[PDB]
Amino acid sequence: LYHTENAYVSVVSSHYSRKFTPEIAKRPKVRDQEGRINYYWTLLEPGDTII
Amino acid sequence: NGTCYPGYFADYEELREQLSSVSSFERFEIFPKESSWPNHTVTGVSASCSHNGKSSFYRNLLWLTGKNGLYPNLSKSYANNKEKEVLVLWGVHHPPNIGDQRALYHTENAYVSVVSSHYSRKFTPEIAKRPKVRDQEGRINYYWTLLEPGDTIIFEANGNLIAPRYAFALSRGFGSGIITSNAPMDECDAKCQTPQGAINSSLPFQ
Amino acid sequence: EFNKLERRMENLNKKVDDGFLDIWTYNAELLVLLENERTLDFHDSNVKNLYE
Ligand SMILES: *[C@@H]1O[C@H](CO)[C@@H](O[C@@H]2O[C@H](CO)[C@@H](O[C@@H]3O[C@H](CO)[C@@H](O)[C@H](O)[C@@H]3O)[C@H](O)[C@H]2NC(C)=O)[C@H](O)[C@H]1NC(C)=O
Ligand SMILES: *[C@@H]1O[C@H](CO)[C@@H](O)[C@H](O)[C@H]1NC(C)=O
Ligand SMILES: *[C@@H]1O[C@H](CO)[C@@H](O)[C@H](O)[C@H]1NC(C)=O
Ligand SMILES: *[C@@H]1O[C@H](CO)[C@@H](O)[C@H](O)[C@H]1NC(C)=O
């Protein structure tokens, strides 16, 4: 899928900062899927920037 | 005037709640500046913490840097022989690019380890480009802990450490707090204080 | 039970407990005090009614 083995995601704001790394494992199927997707959210103030 | 260098303060509201019940403390030097770090340089300042028109740094923290082109491992320990709780604070630096990290600490994979009898944590720097807050793209994260009498705390690092310099020995008491007000200070004496003014009365309601 | 980094929750729990205890103590004492007078007035009125 991504042609790499060590991947990173970085989300940075003026007062928000986080880094994410994937975890590869075998899990019980929930909706016929063994992979997962994690969801995140944030609130951005007027005049601010997110990267 | 809060944190002149941008960053994140961990458990800030819990620290305020703890300080709301302290009546006095004693500020003592836990790691003296002139005799604790022979292998490192202890003169580091930033333009975002300027004082009297010149760049400076905090007063209870120390910025260590490599000397002679090397940053050897550091391991320091302190035992609480004060019959009181001790508040210890430190920090971790996150530079904006890998070139700055290599120029500052001469390593690419750095770790900080802080260990007590009932406290243990490990920190790793994160390098990224961020929007400038006070003309800075790097960050510093601040951490604190309370040390019980007779206990020991150990710091180990090979880079990116903002070392403690001063600590406080806390003394507790009842009937204190932190209030926000705009009123001026006068020379009176009263039994009740409010953010608007003092009350001299024995009535049951207000 | 709370750990060392959960002092605000502990303080809120203590505040709730103390407030409820104060309110119920006040209610009980006031009720007893107020009924005690009405009982005696009731007895006096009964005696007066019998006499009349
Ligand atoms: C402590 O708080 C004072 C304010 O109570 C800070 O002074 C203020 O500092 C900012 C940032 O340096 C100044 O803004 C700058 O102004 C210059 C010139 O106008 C402009 O070129 C910059 O782009 C920026 O906007 C601000 O003028 C200044 N205010 C006063 C009254 O001096 C001070 O920096 C704080 N110090 C610490 C260590 O936190
Ligand atoms: C570095 O400091 C230590 C003290 O912790 C000292 O023993 C050592 O000799 C110093 N390094 C050199 C090269 O002298
Ligand atoms: C410094 O620490 C690293 C990692 O623990 C280690 O590999 C290295 O040998 C240490 N340096 C010395 C001089 O022992
Ligand atoms: C409050 O009353 C005390 C009692 O004499 C007095 O000493 C004090 O000055 C009074 N304070 C104010 C603000 O009136």
# chains A, B, ... in the order shown; residues from 1 in each chain; ligands from 1
>>> residues_near_ligand(ligand="ligand 4", cutoff="12 Å", atoms="only C-alpha atoms and all ligand atoms", output="list in words")
residues 185, 186, 187, 188, 189, 190, 191, 192, 193, 197, 198, 199, 200, 201 and 202 of chain B
>>> residues_near_ligand(ligand="ligand 3", cutoff="9 Å", atoms="only C-alpha atoms and all ligand atoms", output="PDB file with C-alpha atoms, in the first residue's frame")
ATOM      1  CA  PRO B  72      28.851  12.776  26.948  1.00  0.00           C
ATOM      2  CA  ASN B  73      26.250  10.874  28.943  1.00  0.00           C
ATOM      3  CA  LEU B  74      25.129  12.529  32.170  1.00  0.00           C
ATOM      4  CA  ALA B 157      20.477  11.837  29.493  1.00  0.00           C
ATOM      5  CA  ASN B 158      22.581  12.015  26.344  1.00  0.00           C
TER       6      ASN B 158
END
>>> closest_residue(among="B:1, B:81, B:107, B:97", to="ligand 1", atoms="only C-alpha atoms and all ligand atoms")
B:1
>>> closest_atom_pairs(of="chain B", to="ligand 2", cutoff="10 Å", atoms="only C-alpha atoms and all ligand atoms", output="Markdown table")
| residue | atom | partner | partner_atom_place_in_ligand_line | distance |
| --- | --- | --- | --- | --- |
| B:35 | CA | ligand 2 | 4 (C) | 9.5 |
| B:36 | CA | ligand 2 | 5 (O) | 7.8 |
| B:37 | CA | ligand 2 | 2 (O) | 6.9 |
| B:38 | CA | ligand 2 | 2 (O) | 4.9 |
| B:39 | CA | ligand 2 | 1 (C) | 4.4 |
| B:40 | CA | ligand 2 | 1 (C) | 8.1 |
| B:68 | CA | ligand 2 | 13 (C) | 9.9 |
| B:72 | CA | ligand 2 | 1 (C) | 8.1 |
| B:73 | CA | ligand 2 | 1 (C) | 9.5 |
| B:74 | CA | ligand 2 | 5 (O) | 7.8 |
| B:75 | CA | ligand 2 | 5 (O) | 8.5 |
| B:76 | CA | ligand 2 | 5 (O) | 9.0 |
>>> interface_residues(of="chain A", to="chain B", cutoff="12 Å", atoms="only C-alpha atoms", output="PyMOL selection string")
chain A and resi 8-20+47-51
>>> write_last_selection(atoms="C-alpha atoms", output="short mmCIF file (atom, residue, chain, number, x, y, z; two decimals), in the first residue's frame")
data_model
loop_
_atom_site.label_atom_id
_atom_site.label_comp_id
_atom_site.auth_asym_id
_atom_site.auth_seq_id
_atom_site.Cartn_x
_atom_site.Cartn_y
_atom_site.Cartn_z
CA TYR A 8 5.07 8.62 10.50
CA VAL A 9 2.26 11.19 10.61
CA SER A 10 2.79 14.61 12.18
CA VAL A 11 0.02 17.12 12.90
CA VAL A 12 1.15 20.47 14.30
CA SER A 13 -0.71 23.65 15.24
CA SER A 14 0.17 26.73 17.31
CA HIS A 15 -0.96 25.02 20.54
CA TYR A 16 -1.33 21.44 19.27
CA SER A 17 1.33 18.90 18.33
CA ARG A 18 1.24 15.14 17.86
CA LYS A 19 3.05 12.31 16.08
CA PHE A 20 1.58 8.94 15.08
CA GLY A 47 -5.94 33.44 12.52
CA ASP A 48 -4.17 30.15 13.32
CA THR A 49 -2.41 27.65 11.07
CA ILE A 50 -2.35 23.84 10.99
CA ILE A 51 0.25 21.69 9.23
#
>>> closest_residue(among="B:84, B:67, B:106, B:118", to="chain C", atoms="only C-alpha atoms")
B:118
>>> residues_near_ligand(ligand="ligand 1", cutoff="8 Å", atoms="only C-alpha atoms and all ligand atoms", output="count of residues only")
9
>>> closest_residue(among="B:28, B:12, B:5, B:90", to="residue 170 (chain B)", atoms="only C-alpha atoms")
B:28
>>> interface_residues(of="chain C", to="chain B", cutoff="8 Å", atoms="only C-alpha atoms", output="VMD selection string")
chain C and resid 5 to 8
>>> write_last_selection(atoms="N, CA, C and O atoms", output="tab-separated table (two decimals), in the first residue's frame")
chain	number	residue	atom	x	y	z
C	5	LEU	N	-2.42	12.51	41.04
C	5	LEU	CA	-2.69	13.48	39.99
C	5	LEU	C	-4.18	13.72	39.78
C	5	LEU	O	-4.58	14.19	38.71
C	6	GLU	N	-5.01	13.43	40.78
C	6	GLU	CA	-6.46	13.56	40.69
C	6	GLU	C	-7.01	14.29	41.91
C	6	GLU	O	-7.99	13.88	42.53
C	7	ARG	N	-6.37	15.41	42.27
C	7	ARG	CA	-6.76	16.14	43.46
C	7	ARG	C	-8.04	16.95	43.26
C	7	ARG	O	-8.82	17.12	44.20
C	8	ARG	N	-8.26	17.47	42.05
C	8	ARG	CA	-9.46	18.26	41.79
C	8	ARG	C	-10.72	17.42	41.89
C	8	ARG	O	-11.73	17.86	42.45
>>> atom_distance(atom1="CA of residue 39 (chain A)", atom2="CA of residue 6 (chain A)")
20.1 Å
>>> atom_distance(atom1="CA of residue 45 (chain B)", atom2="CA of residue 65 (chain B)")
11.0 Å
>>> decode(residues="region 16-42 of chain C", atoms="N, CA and C atoms", output="PDB file, in the first residue's frame")
ATOM      1  N   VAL C  16     -19.191  17.936  47.397  1.00  0.00           N
ATOM      2  CA  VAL C  16     -20.553  17.434  47.226  1.00  0.00           C
ATOM      3  C   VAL C  16     -21.045  16.773  48.510  1.00  0.00           C
ATOM      4  N   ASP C  17     -20.207  15.914  49.099  1.00  0.00           N
ATOM      5  CA  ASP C  17     -20.606  15.212  50.316  1.00  0.00           C
ATOM      6  C   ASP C  17     -20.907  16.191  51.447  1.00  0.00           C
ATOM      7  N   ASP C  18     -20.013  17.162  51.656  1.00  0.00           N
ATOM      8  CA  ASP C  18     -20.195  18.122  52.738  1.00  0.00           C
ATOM      9  C   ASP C  18     -21.446  18.967  52.536  1.00  0.00           C
ATOM     10  N   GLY C  19     -21.699  19.409  51.300  1.00  0.00           N
ATOM     11  CA  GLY C  19     -22.880  20.220  51.051  1.00  0.00           C
ATOM     12  C   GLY C  19     -24.168  19.476  51.336  1.00  0.00           C
ATOM     13  N   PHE C  20     -24.262  18.228  50.864  1.00  0.00           N
ATOM     14  CA  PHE C  20     -25.476  17.459  51.119  1.00  0.00           C
ATOM     15  C   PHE C  20     -25.676  17.221  52.614  1.00  0.00           C
ATOM     16  N   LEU C  21     -24.590  16.916  53.334  1.00  0.00           N
ATOM     17  CA  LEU C  21     -24.707  16.696  54.773  1.00  0.00           C
ATOM     18  C   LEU C  21     -25.199  17.949  55.491  1.00  0.00           C
ATOM     19  N   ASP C  22     -24.651  19.114  55.130  1.00  0.00           N
ATOM     20  CA  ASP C  22     -25.086  20.365  55.746  1.00  0.00           C
ATOM     21  C   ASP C  22     -26.571  20.609  55.507  1.00  0.00           C
ATOM     22  N   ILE C  23     -27.017  20.425  54.262  1.00  0.00           N
ATOM     23  CA  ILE C  23     -28.411  20.704  53.931  1.00  0.00           C
ATOM     24  C   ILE C  23     -29.347  19.797  54.723  1.00  0.00           C
ATOM     25  N   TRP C  24     -29.024  18.503  54.807  1.00  0.00           N
ATOM     26  CA  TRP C  24     -29.934  17.595  55.500  1.00  0.00           C
ATOM     27  C   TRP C  24     -29.949  17.833  57.008  1.00  0.00           C
ATOM     28  N   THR C  25     -28.798  18.163  57.604  1.00  0.00           N
ATOM     29  CA  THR C  25     -28.786  18.504  59.026  1.00  0.00           C
ATOM     30  C   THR C  25     -29.667  19.718  59.303  1.00  0.00           C
ATOM     31  N   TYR C  26     -29.538  20.755  58.466  1.00  0.00           N
ATOM     32  CA  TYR C  26     -30.363  21.948  58.627  1.00  0.00           C
ATOM     33  C   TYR C  26     -31.845  21.605  58.533  1.00  0.00           C
ATOM     34  N   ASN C  27     -32.215  20.799  57.535  1.00  0.00           N
ATOM     35  CA  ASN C  27     -33.620  20.448  57.343  1.00  0.00           C
ATOM     36  C   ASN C  27     -34.186  19.739  58.568  1.00  0.00           C
ATOM     37  N   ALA C  28     -33.469  18.729  59.072  1.00  0.00           N
ATOM     38  CA  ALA C  28     -33.979  17.958  60.204  1.00  0.00           C
ATOM     39  C   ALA C  28     -34.155  18.835  61.439  1.00  0.00           C
ATOM     40  N   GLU C  29     -33.127  19.625  61.769  1.00  0.00           N
ATOM     41  CA  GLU C  29     -33.208  20.447  62.972  1.00  0.00           C
ATOM     42  C   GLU C  29     -34.338  21.465  62.873  1.00  0.00           C
ATOM     43  N   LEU C  30     -34.474  22.116  61.714  1.00  0.00           N
ATOM     44  CA  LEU C  30     -35.523  23.115  61.553  1.00  0.00           C
ATOM     45  C   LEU C  30     -36.908  22.489  61.661  1.00  0.00           C
ATOM     46  N   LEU C  31     -37.101  21.312  61.060  1.00  0.00           N
ATOM     47  CA  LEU C  31     -38.407  20.663  61.125  1.00  0.00           C
ATOM     48  C   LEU C  31     -38.796  20.342  62.563  1.00  0.00           C
ATOM     49  N   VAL C  32     -37.866  19.766  63.331  1.00  0.00           N
ATOM     50  CA  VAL C  32     -38.188  19.414  64.716  1.00  0.00           C
ATOM     51  C   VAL C  32     -38.515  20.669  65.522  1.00  0.00           C
ATOM     52  N   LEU C  33     -37.678  21.706  65.384  1.00  0.00           N
ATOM     53  CA  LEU C  33     -37.890  22.933  66.146  1.00  0.00           C
ATOM     54  C   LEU C  33     -39.239  23.562  65.824  1.00  0.00           C
ATOM     55  N   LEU C  34     -39.629  23.560  64.548  1.00  0.00           N
ATOM     56  CA  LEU C  34     -40.881  24.202  64.168  1.00  0.00           C
ATOM     57  C   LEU C  34     -42.107  23.397  64.582  1.00  0.00           C
ATOM     58  N   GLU C  35     -42.035  22.061  64.569  1.00  0.00           N
ATOM     59  CA  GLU C  35     -43.204  21.281  64.969  1.00  0.00           C
ATOM     60  C   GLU C  35     -43.422  21.306  66.480  1.00  0.00           C
ATOM     61  N   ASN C  36     -42.339  21.456  67.256  1.00  0.00           N
ATOM     62  CA  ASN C  36     -42.473  21.410  68.711  1.00  0.00           C
ATOM     63  C   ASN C  36     -43.389  22.509  69.248  1.00  0.00           C
ATOM     64  N   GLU C  37     -43.368  23.697  68.645  1.00  0.00           N
ATOM     65  CA  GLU C  37     -44.211  24.799  69.107  1.00  0.00           C
ATOM     66  C   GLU C  37     -45.676  24.595  68.735  1.00  0.00           C
ATOM     67  N   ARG C  38     -45.921  24.113  67.515  1.00  0.00           N
ATOM     68  CA  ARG C  38     -47.286  23.892  67.063  1.00  0.00           C
ATOM     69  C   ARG C  38     -47.983  22.840  67.911  1.00  0.00           C
ATOM     70  N   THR C  39     -47.244  21.824  68.370  1.00  0.00           N
ATOM     71  CA  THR C  39     -47.865  20.812  69.228  1.00  0.00           C
ATOM     72  C   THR C  39     -48.411  21.427  70.520  1.00  0.00           C
ATOM     73  N   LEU C  40     -47.608  22.264  71.180  1.00  0.00           N
ATOM     74  CA  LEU C  40     -48.032  22.867  72.439  1.00  0.00           C
ATOM     75  C   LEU C  40     -49.188  23.838  72.230  1.00  0.00           C
ATOM     76  N   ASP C  41     -49.148  24.612  71.139  1.00  0.00           N
ATOM     77  CA  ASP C  41     -50.280  25.480  70.821  1.00  0.00           C
ATOM     78  C   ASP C  41     -51.553  24.667  70.604  1.00  0.00           C
ATOM     79  N   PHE C  42     -51.430  23.521  69.930  1.00  0.00           N
ATOM     80  CA  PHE C  42     -52.565  22.632  69.703  1.00  0.00           C
ATOM     81  C   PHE C  42     -53.181  22.175  71.021  1.00  0.00           C
TER      82      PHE C  42
END
